[PDB]
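Just one chain is shown here, as structure tokens, and it is the form deposited in one PDB entry.
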């Protein structure tokens, strides 16, 4: 009868004004101690925030608090990233199209940023202060590594692998598939210490860097942002099965005198080619140095991404690069048989290695003690104290050799578990740990309390004992520690409450540092006013028929009258490396879901199997079958919501999602036509044989080994099982999308025409993957409202 709820239909200009209507935080922290204890302030907080548009700001922390009274802090003025040197108070930051610096006695009010000059050509990307001497700093220029000296003003080039498609070589740069899939955004690493090699005079500074050759990498053309010019940009995009770049790790020594001038520069290659010491190493995932600089290190993945290994590389293993086959052998004979690369840690899986950023090697007294995160051992990411034996087996470096299985594999002396259980230590997505050697405590975030909340915990690396939570529960926290471990910040929020940024002081007796109370100290930002119509979503949980727990959000139809069945937008992603259902504010990222709710739509969200923050075997439901598992968990999760809450009309379900969610949306419409009446597919993956290697191979093997899997999970190949009926499929895509190439939309549209199927299509000519410009976003949300308003019926 009048059981069904019909949404108030609006005019276009009405829908536009409803969406314009619904549009009406600090980060990148550095703690510094004051060390003038006759004044009112104990610390200084440097950070990045928009007072509008991003900039560098400081705040003063007082010694005595306001007692029983909440204390805000003024954001005092003085830019996506910056580098900092705590020993000298020197800030280096890429701003405008150049580089800028500034010092911090402690300044009163803003100082003007002194610009660093250059005789280099283009922009100076990826700048870093030399930790060993803050007189120096590095940068990339035209795909090559440079070094410069702020004081004297002297720039020098250190690599020469570059001068378009006849220039595939490049040094100190992270290739595309490393940036987008392995989340590394540099390919050079400062040696933290400064050796004094030779006989008399000079100080040697070293830089580890990734040399790279993208010749055999397939080229593809994405349209140029400047649409007027009608040109394209070339991309070294390797597709699944095709060849990744040829890689190598290489050294860059350069000596400098006392008066601060650069004397000698020198490229250095591995004594035996990278590819011969490490056959079956495909991607350098991460790299760095040990605290003392005794060994530079890297994490090497194999192509099927089922085999990680941390390896040390002593500088001594590096000889000067020359083309003289004669000369090469001399320096090769000059390398002692002691010196060698030591493969320390090794992670093997039947699923896939997720890269984990956590690796803290301890200085040596012979052996090597270090902290490592490891999700392959128990199926859940946990800290471990690993000791490894560096025993030199004595190599002749002048004659070549093939390594044999575990050639450089170190004997493990001990390997302690510092955490355990079916939760995980946050180790991907920029999550870092903080180690205090004064007290032998290690600070980490994790899901210990619940998957839906990120929390700060401390544990001792001496004794794997009591783990103390420091963040207050009922919220999810992103945390940053002080270097002095006396204070920490938390950027936190909840489904109901917008984000705040509080400063805390760890307080109490020092003879028990584990059990230091986290006392609230001062606030950096209090919860902003909720949007006028913002009712928060309600998190629920249910069990699949296979007895495996699943979490879901729901956005209640605002002003609900029980007994009325509402039409339901199911919002989806349901792909790896993501969690949509967690106890943190969603209003900034997803108010569209609220806007939908407010016009009387049910908006369900469901983290099906194959999503983040549930350990490995959960993520592993995907393995070699993308599309074939995730959609059943959505149906179940939707059906459950229809039983628990009474307001879901199942006759009118609208699956909508972006990227993998765009992919799932179409898969939903294909495999479950009687369930979902309409699909809205945003920037969908339509053909997996077209997507890139790092991502696709990791989850779906290579097309040769997973023929049946690639084809079944490619929606363009199954277009005949899309609706014969119009107004059941809306495709949205950003022309300029460099992750999911427009080709996918294009190829699907080509396939729909051959199978005689109808479709609506929308294009974002200036947007890429993420819709950035407001106007484009408004138009997107209005099209969504309008499409559902006319078509989500029957």
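Between two forms, the rigid core is defined as the largest C-alpha subset superposing within 1.5 Å. Residue numbers count along the first chain shown, from 1.
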Worksheet, complete the sentence: Of 673-681 and 114-122, the one with the larger RMS C-alpha deviation from the shown form in 4 other deposited structures of this protein, core-superposed, is 114-122
Worksheet entry | Greater Cα displacement in 4 other deposited structures of this protein once the core is superposed, comparing 556-564 with 322-330 | 322-330
Worksheet item: Checking the other PDB entries that cover both flanking residues: does residue 67 lack coordinates in at least a third?
Response: yes
Worksheet item: Counting only other entries that model residues on either side of residue 399, is it left out in at least a third?
Response: no
Worksheet entry | Missing from the model but present in the deposited sequence, between residue 104 and residue 105 | 4 to 9
Discussion item. Quick check on the record: how many residues from the deposited sequence are absent from the model between residue 51 and residue 52 (none, 1 to 3, 4 to 9, 10 or more)?
Written reply: 1 to 3
Response to the item:
Entry B factor averaged over C-alpha atoms, 296-304 against 116-124: higher for 116-124
Worksheet item: On average, which has the higher Cα B-factor in the deposited entry, 539-547 or 395-403?
Response: 395-403
Discussion item. By the CA temperature factor listed in this entry, which of these ranks top: 138, 179, 98, 490?
Written reply: 98
Worksheet item: In the PDB entry, which of 607, 453, 323, 422 has its C-alpha at the highest B-factor?
Response: 323
Practice prompt. Among all modelled residues of this chain, ranked by Cα B factor, put residue 47 in the bottom, middle or top third, i.e. lowest, middle or highest.
Written response: middle
Discussion item. Sorting by Cα B-factor within the chain, modelled residues only, which third would residue 532 end up in: lowest, middle or highest?
Written reply: highest
Worksheet, complete the sentence: So, residue 225's CA B-factor, relative to its chain, sits in which third? The highest
Worksheet item: If you rank the chain by CA B-factor, which third does residue 192 end up in: lowest, middle or highest?
Response: middle
Practice prompt. Check where residue 3 lands among this chain's C-alpha B-factors and tell me if it's the lowest, middle or highest third.
Written response: highest
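Beyond the structure shown, there is the form solved in complex with a small molecule, which is absent from this document and is the topic of what follows.
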Discussion item. Quick check on residue 440: any heavy atom within 4.5 Å of the small molecule in the deposited complex?
Written reply: no
Worksheet item: Taking the shortest heavy atom distance, is residue 444 within 4.5 Å of the small molecule in the deposited complex?
Response: no
Item to complete: Decide whether residue 685 counts as a contact residue for the small molecule in the deposited complex under a heavy atom distance cut-off of 4.5 Å.
Response: yes
Worksheet item: Using heavy atoms and a 4.5 Å limit, would one call residue 600 a contact residue for the small molecule in the deposited complex?
Response: no
Response to the item:
For the small molecule in the deposited complex, the stretch among 144-152, 291-299, 569-577, 326-334 with residues bearing a heavy atom within 4.5 Å is 569-577
Discussion item. Please tell me which of 691, 551, 82, 189 lies within 4.5 Å of the small molecule in the deposited complex, judged by heavy atoms.
Written reply: 691
Worksheet entry | Position in contact with the small molecule when the complex is considered in the deposited complex, options 497, 321, 255, 659, heavy atoms within 4.5 Å | 659
